[PDB]
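Enquirer: One structure, pasted below without further comment.
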Amino acid sequence: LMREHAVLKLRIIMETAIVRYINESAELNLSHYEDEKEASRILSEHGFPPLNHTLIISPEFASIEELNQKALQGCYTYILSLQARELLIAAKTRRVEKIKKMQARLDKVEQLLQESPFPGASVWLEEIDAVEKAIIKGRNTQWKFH
Amino acid sequence: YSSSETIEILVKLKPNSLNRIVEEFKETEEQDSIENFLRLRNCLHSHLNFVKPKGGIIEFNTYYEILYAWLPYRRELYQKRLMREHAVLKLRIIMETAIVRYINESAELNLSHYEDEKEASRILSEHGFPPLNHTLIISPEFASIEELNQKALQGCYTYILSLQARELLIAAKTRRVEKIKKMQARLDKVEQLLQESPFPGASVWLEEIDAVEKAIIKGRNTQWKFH
Amino acid sequence: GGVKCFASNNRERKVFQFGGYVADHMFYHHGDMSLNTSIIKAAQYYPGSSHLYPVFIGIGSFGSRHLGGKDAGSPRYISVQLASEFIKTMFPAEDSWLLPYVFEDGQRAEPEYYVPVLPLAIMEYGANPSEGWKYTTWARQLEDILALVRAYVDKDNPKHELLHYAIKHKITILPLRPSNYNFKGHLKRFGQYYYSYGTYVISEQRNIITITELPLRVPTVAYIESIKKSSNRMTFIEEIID
Amino acid sequence: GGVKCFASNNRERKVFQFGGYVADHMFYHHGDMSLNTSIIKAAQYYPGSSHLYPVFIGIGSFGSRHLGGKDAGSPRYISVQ
Amino acid sequence: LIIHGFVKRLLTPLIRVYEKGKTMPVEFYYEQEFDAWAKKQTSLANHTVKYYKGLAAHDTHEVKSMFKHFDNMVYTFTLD
DNA sequence: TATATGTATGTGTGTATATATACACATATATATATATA
DNA sequence: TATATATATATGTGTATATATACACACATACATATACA
């Protein structure tokens, strides 16, 4: 639950730069610049956060210290590697509702970190129920899962 | 007393027995009395019975027949690879010399204003962009040349719509223009290779003979370890 | 290696091909015959097998009760498959990122342990020797274990704080019986141990006793050959038919 | 299967692991012992061997002249790339 | 006979590690020694670790360099 | 002459270590076996 | 010395079967060694 809370905050921070870049790249006009260093300079001169995109989007075996330790110290690869398919209005709408769903999930994670007796007490009841009905459905099919 | 790669066998004779071998094991012109005695020759007797394409046995009488049956397959395979390369190079020139003009006209075109892929493909069909099949051009895996020119012009604008904003920069423009120049120089070289004597693709095969020869020489020197 | 192999689609493999996979990617440094035997006995499922909840679904001939599971096929014949939803529910994927791993030769291979949702070490069977020690378990009821973990975790269960007191002071409240699933004899607790009983059926009109059940984990042909070597018993029976 | 197996990096594997690969991805419908024997003998190189220009480099003990290549290692031991 | 030097043994590597560029490998005889070694490193991106399961996995140049130093690597048991 | 009483064997489970064997198919070579010659 | 057998080996790509050994411990079967005698 601590890992999920950290990754959700970091991904909210990541996408609420991409959406305003889609809003402001029509007149930012990145097609005018020479190479990616000038582009990274002019992106940092308008307040976009430098991010480690290959570890925000895929935390594999990173502990939470090396998650909040080396992920805000990246570059502008998250914003310079966008396809032109992404710049349409339906993709903006989908990113907005995905930001809303991640905000709701972050609220649920902080709500069930504090429960009694220990954090994550209802989740383990749900996994008890799922394992029990999977054992029943495997016993009914001679362990063949038809 | 032999090593792991060199023969050294040692016999020992009974005393005063070199003389009695020669009357027992007679020397013909084809082999010596010792080589009759110590089993030291053999005949190289061949059975050149192979299978052919589309199955079934085939049976040759000499190694020259196998070589003369082998040569035309390599000849026509060179002709096939050069014609396939010619088709793919024309189609890739056609693909990238529209990416260049989309990069040049993206500011005037204002792609962010449009709603989805339908309206974007419609507004890209009106400004003279060719519909292409991006997957068959980037990876023509096993497509024959009729398949390659039959389903190529029957696609959409996915080649232009998965462009990253990384490659709307000016060094990327210089890079794409010089690789288009290299592709059309390669296309001129290919259509010049399709004409030469005695059959198309006769210099590339000599180059590959020399490459196979130097790789075999390197392998024979390194005890086939290729260090 | 089975979670890693069958990820894309749950397509069947052979036993020796899956064994080659799990010897390549999990850095196994031993022979192949023992690994293939381990895969075979990890896939088996019959009344009286070691595993009550196997990792794999076995496809082919995987042996029977009668020869004790020693009558399977060769590994070029039989197939395995990942029991995907049981493996998904018991061993969750988002938990496996947060485990200590074993390194062979530099690279990650496999965890130090899995931490399942249920205490799977007391839910199955086993009988091994080793160096110095012996291992032997008899599996518990599923319902007892579910009642224990729901008494620990759930706060609206009326045996919650009693069970917390029992954990504090090392006493027992809730029962924990042996598993009689797929077993048709009967279990009796006498003193300090349980005994398991098979079922006969007698008829003096024909001098026939009909055995209809053997005790837990008794192979059939081993039992029948064991009853034929005791000449104290052979003096009373004439003919034995399976 | 060997062109496809050693594509990314040419790291060597055991003979039984490569045999499992080529029986999986090339749809080999036979036993596993003769496939491993063919992978062993398709990589040997000594004076008087069958193949003068072998497909594979063999890493281990692959037999000698003195037994006709019949004294190689088991596939558990030796490797090819 | 264990008193008077009759039981002997060779001594072979279990892991050899090959540095890029250099011409001498690092030989470890126990597995935990190599594990404690390899955990100490920070960049093992260009080393090739070779595990030698049985002794018949040893290549030709390796067996040549092990048989040039044969009596260098035989040991003898002394009874306490 | 029955009784115990301390001996000795003996399979059996999982995870290891190292091996063994029958058969098909073509053709060239072989080494001893065989008539009848006498 | 001859004409004549019938069994015998080796090659690649195939078809099938196997077996000792280590390690712990509860359990089963085989005496056998006495100790009163009888």
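Residue numbers (PDB author numbering), protein chains in the order written: chain Z, 1047 to 1192; chain H, 966 to 1192; chain C, 724 to 965; chain Y, 724 to 804; chain V, 563 to 642.
Backbone N, C-alpha and C fix where the C-beta goes; we use that ideal spot for every residue, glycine too.
1. For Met-1060(H), count neighbouring Cβ atoms within 10 angstroms of its own Cβ and tell me buried if that reaches 16, exposed if not.
2. Could you check whether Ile-763(Y) and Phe-785(Y) sit closer than 8 Å to each other, using their CB atoms as the reference points?
3. What are the residues of the region 1172 to 1184 of chain H that lie near chain Y, defined by any Cβ-Cβ distance shorter than 9 Å?
4. To the nearest whole angstrom, what separates the beta carbons of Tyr-769(Y) and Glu-1041(H), a pair I think is in contact under 8 Å?
5. Per DSSP, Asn-1014(H) is paired with what?
6. Of all the CB atoms in chain Z, is at least one closer than 8 Å to the CB of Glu-961(C)?
7. Quick check on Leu-1047(H): does DSSP put it in helix, strand or coil?
8. Would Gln-1129(H) and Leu-1128(Z) qualify as a contact pair, given that the criterion is a beta-carbon distance under 8 Å?
9. Please list, in chain order, the chain V residues whose beta carbon lies closer than 7 Å to that of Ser-784(Y).
10. Give a yes or no on whether the C-beta atoms belonging to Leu-1097(Z) and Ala-1108(Z) are separated by under 8 Å.
11. Going along chain H, which residues have a C-beta under 8 Å from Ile-1135(Z)?
12. Looking at the C-beta of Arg-788(Y), does it have a partner C-beta in chain C at a distance below 8 Å?
13. Please report whether the beta-carbon of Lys-582(V) lies at a distance below 8 Å from any beta-carbon of chain Y.
14. Are three or more beta carbon pairs between the region 775 to 793 of chain C and the region 801 to 811 of chain C nearer than 8 Å?
15. Taking the alpha helix (DSSP H) that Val-803(C) falls in, what are its first and last residues?
16. Considering only the beta carbon of each residue, do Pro-1163(Z) and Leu-1047(Z) sit closer than 8 Å?
17. Mind checking whether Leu-576(V) and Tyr-592(V) have CB atoms under 8 Å apart?
18. What are the uninterrupted segments assigned as alpha helix (DSSP H) that are 4 or more residues long and contained completely in the region 787 to 847 of chain C, given in chain order?
19. Does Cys-728(Y) come out as helix, strand or coil in the three-state DSSP assignment?
20. Report the three-state DSSP secondary structure of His-909(C) (helix, strand or coil).
21. Hey, does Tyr-769(Y) have any beta-carbon neighbour from chain H nearer than 8 Å?
22. So, is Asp-1175(Z) buried or exposed, given that buried needs 16 or more other C-beta atoms within 10 angstroms?
23. Per DSSP, what kind of secondary structure is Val-611(V) in: helix, strand or coil?
24. Starting from the N-terminal side, write out each stretch of the alpha helix (DSSP H) that is 4 residues or longer and does not extend beyond the region 910 to 958 of chain C.
25. In its own chain, which residues sit with a C-beta less than 6 Å from the C-beta of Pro-798(Y), not counting the 5 before and 5 after it?
26. According to DSSP, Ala-850(C) sits in a beta bridge with which residue or residues?
27. Is it the case that the Cβ atoms of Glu-847(C) and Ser-773(C) are separated by a distance below 8 Å?
28. Near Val-1065(H), what residues of its chain come up, given a Cβ to Cβ distance below 8 Å and the 5 sequence neighbours on each side ignored?
29. Can you tell me the Cα-Cα spacing of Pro-942(C) and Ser-605(V), whole angstroms?
30. Can we say the region 1168 to 1183 of chain Z touches the region 871 to 889 of chain C, given the rule of at least three CB pairs closer than 8 Å?
31. Is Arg-863(C) near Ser-919(C), with beta carbons less than 8 Å apart?
32. For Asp-828(C), go through chain V and note every residue whose CB falls closer than 7 Å to its CB, in chain order.
33. Indicate whether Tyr-800(Y) and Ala-607(V) have their beta-carbon atoms separated by less than 8 Å.
34. The beta strand (DSSP E) with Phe-590(V) in it runs from where to where?
35. Look up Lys-737(Y) in the DSSP assignment and give the residues it is bridged to.
36. Give the straight-line distance between the Cα atoms of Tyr-1079(Z) and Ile-1125(Z), rounded to the nearest whole angstrom.
Expert: So, from the data block:
1. buried
2. yes
3. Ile-1181, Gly-1184
4. At roughly 37 Å, the Cβ-Cβ gap does not stay under 8 Å, so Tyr-769(Y) and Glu-1041(H) are not in contact.
5. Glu-1024(H)
6. no
7. helix
8. yes
9. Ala-618
10. no
11. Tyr-1079, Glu-1080, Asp-1081
12. no
13. no
14. yes
15. That residue, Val-803(C), is in no alpha helix (DSSP H); its beta strand (DSSP E) goes 802 to 805.
16. no
17. yes
18. 807 to 813
19. helix
20. strand
21. yes
22. exposed
23. strand
24. 943 to 950, 954 to 957
25. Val-738, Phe-739, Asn-759
26. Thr-859(C)
27. yes
28. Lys-1138, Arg-1141, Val-1142, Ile-1145
29. 55 Å
30. yes
31. no
32. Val-611, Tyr-613
33. no
34. 588 to 590
35. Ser-802(Y)
36. 15 Å
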